[PDB]
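Along the sequence shown, residues carry numbers from 1.
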Amino acid sequence: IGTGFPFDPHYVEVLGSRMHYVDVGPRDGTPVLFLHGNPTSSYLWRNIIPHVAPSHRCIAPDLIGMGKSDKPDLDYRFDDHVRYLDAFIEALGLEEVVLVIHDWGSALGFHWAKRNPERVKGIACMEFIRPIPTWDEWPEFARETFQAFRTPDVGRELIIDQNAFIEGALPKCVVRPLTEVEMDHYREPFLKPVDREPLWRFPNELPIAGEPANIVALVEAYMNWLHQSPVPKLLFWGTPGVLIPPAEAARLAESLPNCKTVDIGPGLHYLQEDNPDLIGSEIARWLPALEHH
């Protein structure tokens, strides 16, 4: 699995900040917009984009406060991310898109799609955010840790002061071992502890056991939309998974319209790190039939 990031930087000014993004591939056509989550960046997509770029434009932003994007002093709540990403998409003049989404990138992507349904030609998703109704529906192995993250004292100690999301949660949710070169790419945006605010706010925003209520409601709303939308969907899943265990993937296969599911083999949360070649090649193969209006 490749460790390099062979993409030229691009920057756009959004809401007073520069956001970094990958932009490769043909200029015409329907662009494919790749949205990472916590605590990652466009680096997460590095081994997937090369499968898609031969046929389609690939755009992969670093969310505000993350990657090579600027670091304004925000709370980095979901609503902040929504505002910056909405402004990013408009700054690039995107019209119709295909979304490729993961984790908080999937909350952003599904929420954008619900609001802009006529502009989404397809959604490829993996390990995406849905409401987790009770803590029993969160995987046992990660329960005590995420409960600790979701506190005002201990969670900040762990995530901000000790870098637990980068040094602990990230590699623990890749089946294969991440290399030190990979870890350094993930560490780079967060070398200064104070810059880790988004990494703590994100787990505190996850819709778990009814909290926070605003995010539960928003996520319920985009899931209701997804269940009734004809948009083509491509869902990748792994075993045992984290957010989307195998039995849930199977239920979604049958419940979501026009949904293709792909088993990637072993996987926890960062599926892109375990089987990027299958994810990329399946996305590439799936794109052409989406084009016709």
Chemist: Would you mind checking if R150 and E205 are paired as a salt bridge, meaning a charged N to carboxylate O distance below 4.0 Å?
Modeler: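 Here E205 does not pair with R150 in a salt bridge, since their nearest N and O are not under 4.0 Å apart.
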
Chemist: A side-chain contact here means heavy atoms from C-beta on lying under 4.5 Å apart; do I64 and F88 qualify?
Modeler: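 With C-beta onward as the side chain, the pair stays apart.
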
Chemist: For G65, is there any backbone N or O sitting under 3.5 Å from a side-chain donor or acceptor partner on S69?
Modeler: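 Such a contact is absent between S69 side chain and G65 backbone.
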
Chemist: List the residues meeting side chain to side chain contact (heavy atoms under 4.5 Å, CB included) with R115, not counting sequence neighbours, and say none if there are none.
Modeler: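 Only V82, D86, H111, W112 meet the side chain to side chain contact (heavy atoms under 4.5 Å, CB included) criterion with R115.
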
Chemist: What I'd like to find out is whether the side chain of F128 reaches to under 4.5 Å of the side chain of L235, using heavy atoms alone.
Modeler: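 Side chain of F128 against side chain of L235, heavy atoms only: contact under 4.5 Å found.
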
Chemist: Classify the side-chain pair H36/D103 by whether it contains a donor and acceptor separated by less than 3.5 Å.
Modeler: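 Not at all, the side chains of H36 and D103 share no donor-acceptor pair under 3.5 Å.
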
Chemist: Taking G155's backbone N and O only, do any of them form a donor-acceptor pair with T151's side chain (distance below 3.5 Å, no angle check)?
Modeler: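 Checking the backbone N and O of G155 against the side chain of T151, a donor-acceptor pair under 3.5 Å is found.
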
Chemist: Looking at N204 and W200, would you say the former's side chain and the latter's main chain have a donor-acceptor pair under 3.5 Å?
Modeler: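 Looks like yes, one N/O pair under 3.5 Å.
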
Chemist: Can you tell if the side chain of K233 reaches within under 4.5 Å of the side chain of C125, non-hydrogen atoms only?
Modeler: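 Not in contact.
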
Chemist: Tell me whether the centres of the aromatic rings in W104 and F78 are closer together than 6.0 Å.
Modeler: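 Yes, ring centres under 6.0 Å apart.
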
Chemist: Between the side chain of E95 and the main-chain N/O of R119, is any donor-acceptor distance below 3.5 Å?
Modeler: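 Not a single qualifying donor-acceptor pair exists.
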
Chemist: Should the heavy atoms of other residues, nucleotides or ligands under 6.0 Å from NZ of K71 be counted, would the total exceed 12?
Modeler: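 For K71, atom NZ is crowded (more than 12 foreign heavy atoms under 6.0 Å).
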
Chemist: So, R57 and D23, do they make that salt bridge, N to O below 4.0 Å?
Modeler: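 Yes.
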
Chemist: Quick one: CD1 on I160 to CZ on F190, what's the gap to the nearest 0.5 Å?
Modeler: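 It is 11.0 Å, given to the nearest 0.5 Å.
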
Chemist: What distance separates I49 CD1 from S42 OG, expressed to the nearest 0.5 Å?
Modeler: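 So the CD1 of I49 and the OG of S42 are separated by 7.0 Å.
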
Chemist: Is the number of heavy atoms from other residues, nucleotides or ligands within 6.0 Å of CG (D73) greater than 12?
Modeler: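 12 or below, so no.
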
Chemist: Under 3.5 Å, is there a donor-acceptor pair between the side chain of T145 and the main chain of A142?
Modeler: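 Not confirmed, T145 side chain does not pair with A142 backbone.
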
Chemist: State, to 0.1 Å, how close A53 and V24 come at their nearest heavy-atom pair, and which atoms those are.
Modeler: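 Scanning both residues, the minimum pair turns out to be CB-CG2, 3.8 Å.
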
Chemist: Judged by modelled atom types alone, do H293 and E96 share a side-chain donor-acceptor pair under 3.5 Å?
Modeler: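 Side-chain D/A pair, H293 to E96: present.
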
Chemist: Give a yes or no answer on whether the side chain of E167 reaches the backbone of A164 with a donor-acceptor pair at less than 3.5 Å.
Modeler: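 A pair under 3.5 Å: no.
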
Chemist: Is it true that atom CD of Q228 has more than 12 heavy atoms of other residues, nucleotides or ligands lying nearer than 6.0 Å?
Modeler: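 Yes - once you tally the heavy atoms of other residues, nucleotides and ligands closer than 6.0 Å, there are more than 12.
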
Chemist: Would you please indicate if the ring centroids of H102 and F34 are separated by under 6.0 Å?
Modeler: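 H102 vs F34: aromatic centres not under 6.0 Å.
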
Chemist: Can you list, pair by pair, the side-chain donor-acceptor contacts under 3.5 Å of residues 2-21, counting residues two or more places apart and other chains?
Modeler:
unit_1 : atom_1 : unit_2 : atom_2 : d
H20    : ND1    : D62    : OD2    : 2.8

Chemist: Any sub-3.5 Å donor-acceptor pair from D274's side-chain atoms to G267's backbone N or O?
Modeler: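 Checking the backbone N and O of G267 against the side chain of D274, no donor-acceptor pair under 3.5 Å is found.
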
Chemist: Does the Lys NZ or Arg CZ of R143 fall within the cation-pi geometry relative to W138 - under 6.0 Å from the ring centre and within 45° of the axis?
Modeler: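 Output no; distance or angle outside limits.
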
Chemist: Taking the side chain as every heavy atom from C-beta outward, state whether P212 and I215 have any pair of such atoms under 4.5 Å apart.
Modeler: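 A side-chain contact exists here, since the closest heavy-atom pair is under 4.5 Å.
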
Chemist: Within the side chain of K121, is there an N or O that forms a donor-acceptor pair under 3.5 Å with the backbone of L290?
Modeler: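 Side chain of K121 to backbone of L290: a pair is present.
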
Chemist: Nearest 0.5 Å, please: how far is OG in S106 from CD1 in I123?
Modeler: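 That separation rounds to 10.0 Å.
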
Chemist: Is there a side-chain contact between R46 and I1, using heavy atoms and a 4.5 Å cut-off?
Modeler: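 The answer is yes; the side chains approach within 4.5 Å.
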
Chemist: For residues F149 and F165, establish whether the separation of their ring centroids is below 6.0 Å.
Modeler: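 Judged by ring-centre distance (under 6.0 Å), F149 and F165 do meet the cut-off.
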
Chemist: Are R176 and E273 within salt-bridge range, i.e. N to O under 4.0 Å?
Modeler: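 Here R176 pairs with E273 in a salt bridge, since their nearest N and O are under 4.0 Å apart.
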
Chemist: Hey, does the side chain of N47 reach the backbone of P276 with a donor-acceptor pair shorter than 3.5 angstrom?
Modeler: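 A pair under 3.5 Å: no.
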
Chemist: Should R196 and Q162 count as side-chain neighbours, where that means a heavy-atom distance under 4.5 Å?
Modeler: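 Not in contact.
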
Chemist: Is there a side-chain contact between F202 and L63, using heavy atoms and a 4.5 Å cut-off?
Modeler: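 In contact.
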
Chemist: Can you find a pair of side-chain heavy atoms, one from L33 and one from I101, that are under 4.5 Å apart?
Modeler: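 Side chain of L33 against side chain of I101, heavy atoms only: no contact under 4.5 Å found.
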
Chemist: Any donor-acceptor pair under 3.5 Å linking the side chain of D75 with the backbone of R77?
Modeler: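 A pair under 3.5 Å: no.
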
Chemist: Would you name the heavy atoms of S55 and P26 that are closest together and state the gap between them?
Modeler: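 Here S55 and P26 meet closest at O-CG, 3.7 Å.
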
Chemist: Taking the six-membered ring for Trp, are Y43 and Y186 parallel (under 30°), tilted (30 to 60°) or perpendicular (over 60°)?
Modeler: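 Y43 vs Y186 ring planes: perpendicular.
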
Chemist: Hey, is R130 close enough to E248 for a salt bridge, meaning N to O under 4.0 Å?
Modeler: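 Answer for the salt bridge query: yes.
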
Chemist: Roughly how far, to the nearest 0.5 Å, is the CG atom of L226 from the OH atom of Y222?
Modeler: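 If we round to the nearest 0.5 Å, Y222:OH and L226:CG are 9.0 Å apart.
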
Chemist: What's the spacing between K114 NZ and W225 CH2 if we round to 0.5 Å?
Modeler: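 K114 atom NZ to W225 atom CH2 measures 10.0 Å (nearest 0.5 Å).
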
Chemist: Side chains of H56 and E291: do they bring a donor and an acceptor to under 3.5 Å?
Modeler: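 Side chains of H56 and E291: pair found under 3.5 Å.
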
